[PDB]
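What follows is one structure encoded as structure tokens, with my remarks underneath.
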Amino acid sequence: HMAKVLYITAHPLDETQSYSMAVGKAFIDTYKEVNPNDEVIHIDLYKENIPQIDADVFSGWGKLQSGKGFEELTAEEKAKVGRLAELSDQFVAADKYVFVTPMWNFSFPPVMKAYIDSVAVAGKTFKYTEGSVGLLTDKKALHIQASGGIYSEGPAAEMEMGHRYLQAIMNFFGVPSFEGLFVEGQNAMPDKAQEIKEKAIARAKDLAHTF
Amino acid sequence: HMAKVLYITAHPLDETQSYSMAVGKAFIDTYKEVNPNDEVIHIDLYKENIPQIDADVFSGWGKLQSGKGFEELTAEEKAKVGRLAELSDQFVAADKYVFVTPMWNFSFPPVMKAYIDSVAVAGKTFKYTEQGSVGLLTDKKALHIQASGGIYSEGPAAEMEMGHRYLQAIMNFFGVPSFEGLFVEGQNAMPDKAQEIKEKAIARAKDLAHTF
Ligand SMILES: Cc1cc2nc3c(=O)[nH]c(=O)nc-3n(C[C@H](O)[C@H](O)[C@H](O)COP(=O)(O)O)c2cc1C
Ligand SMILES: Cc1cc2nc3c(=O)[nH]c(=O)nc-3n(C[C@H](O)[C@H](O)[C@H](O)COP(=O)(O)O)c2cc1C
């Protein structure tokens with residue numbers, strides 16, 4: 001139906017155990033409520049196959065750029081290169097992206113990087129210039145991130161690396177709108193944890209009405 | 001014996017196909033020449049199992065926090081939890097870290113994140129304080145050899161650099177008083193200078209190896 005949305009989560013736990021998954025689920029449920037015709041796909045990076053770039057991938061790709069045909073690749077190469085192609089094609093096919101992550105050591109879980117590596121593809125999300133130009137000029141994106149401490153303000157802002165990275169990628173891809181929604185401070189101020197969660201949930205629902 | 005050095009690589013390919021790995025090899029070979037008694041340990045992130053923190057890990061951890069013995073965890077939980085514990089212990093036990101990576105999409109391969117995740121442990125590499133945190137690796141030092149197609153050491157692309165930037169944040173977090181970089185950069189942007197770029201970086205690696 002009218003827009004395709006990728007709800008992309010990088011968390012091993014669910015909405016009952018995670019600040020990020022709780023806020024993301026509030027967002028996405030509300031979104032669907034408001035845009036009942038839209039195709040909303042949950043991409044759970046912990047459950048799906050998300051191949052890291054490895055020796056097989058490089059081999060396979062080498063092959064393909066040497067004119068060979070997908071048929072010439074080894075089994076394992078086909079499995080991996082193939083999946084990478086599905087992932088990539090699914091990404092460009094969608095209209096909106098919603099990234100949901102916990103902050104682990106100032107950034108996101110490793111699989112989020114695997115996911116990015118799988119979708120950053122010449123001719124699909126960007127193309128090179130006589131630097132590069134992003135092809136995703138009419139997409140839209142949102143990052144929901146949970147963190148123990150505050151990283152929106154203060155000295156600690158300089159250490160934020162998750163959102164920062166995603167912002168860089170979005171820029172690279174030419175996506176003009178990248179929003180952030182943070183559930184921050186629950187670990188630094190645990191008496192405030194319920195309040196922090198509730199307000200983020202409320203912001204998330206509100207944001208869903210417009211995204 | 002002597003000093004314990006972790007030579008940490010995040011690459012599927014080897015010294016013959018990789019700029020980072022070639023430069024890293026020059027570095028660490030020289031290091032061992034200069035410091036023959038030092039314990040140089042290759043941590044090959046594409047050969048070791050570096051468990052991502054997953055459902056099994058949270059479960060296993062929670063169990064241990066709940067008083068269960070390690071042997072009471074599931075087979076899977078035990079494998080992952082034990083593996084992470086080893087990685088963590090190994091990191092703190094070492095005196096020096098050498099990170100070698102390619103730049104993929106402005107940062108490093110996913111497994112490098114896994115590795116960091118495995119070694120970032122409260123009471124080991126840092127401690128929480130009512131004021132934030134404090135680093136515990138006050139006697140360590142680190143170097144990062146990074147390879148990239150284009151140039152990230154100036155100007156506008158420098159704001160896009162995220163690999164070295166990340167490792168710098170982590171090292172600061174850990175309280176590591178010294179973290180250096182060595183870049184092999186520009187080889188794709190200016191392929192008619194790739195050989196020279198490489199040769200120069202290799203020379204730098206050999207030089208730097210005399211002090212690290
Ligand atoms: C492995 C790990 C690493 C973490 N690293 C950080 C960090 O660098 N900064 C921070 O403020 N909080 C950190 N935390 C705390 C979490 O960010 C916090 O619990 C947040 O709610 C995580 O999201 P979740 O609740 O969706 O899991 C970390 C937690 C874990 C388990
Ligand atoms: C998956 C992938 C992603 C890459 N991303 C970037 C990038 O963001 N910026 C860049 O300058 N070069 C990029 N490159 C090119 C490499 O950084 C360059 O080839 C470098 O020499 C890689 O190190 P290596 O020779 O040790 O493998 C990328 C290459 C690959 C395979």
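As the structure lists them, so they are numbered: ligands from 1, and atoms in each ligand from 1. Chain letters run A, B, ... following the sequence lines, proteins first, then strands; residues in each count from 1.
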- Sorted by chain and residue number, the residues having a heavy atom closer than 4.0 Å to an atom of ligand 1 are A:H11, A:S18, A:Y19, A:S20, A:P102, A:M103, A:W104, A:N105, A:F106, A:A146, A:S147, A:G148, A:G149, A:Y151, A:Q186, A:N187, B:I53

- Residues that B:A114 engages under side-chain contact (heavy atoms from CB on, under 4.5 Å), provided they are two or more places apart: A:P110, B:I50, B:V111

- Message: Does anything in residues 176-200 of chain B form a ring pair (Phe, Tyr, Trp, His ring centres under 6.0 Å)? List the pairs, not counting sequence neighbours.
- Response: B:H164-B:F179, B:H164-B:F183

- Item | Nearest-0.5 Å distance that lies between atom CD1 in A:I8 and atom CZ in A:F99 | 4.5 Å

- Query: Salt bridge check: are A:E48 and A:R83 linked by an N-O gap of less than 4.0 Å?
  - Reply: yes

- Query: What pairs with A:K124 under salt bridge (charged side-chain N to carboxylate O under 4.0 Å, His left out), at least two apart in sequence or on another chain?
  - Reply: A:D89

- Message: Within the supplied structure, the quantity of interest is the number of heavy atoms (other residues, nucleotides, ligands) at a distance under 6.0 Å from B:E199 CD; does it exceed 12?
- Response: yes

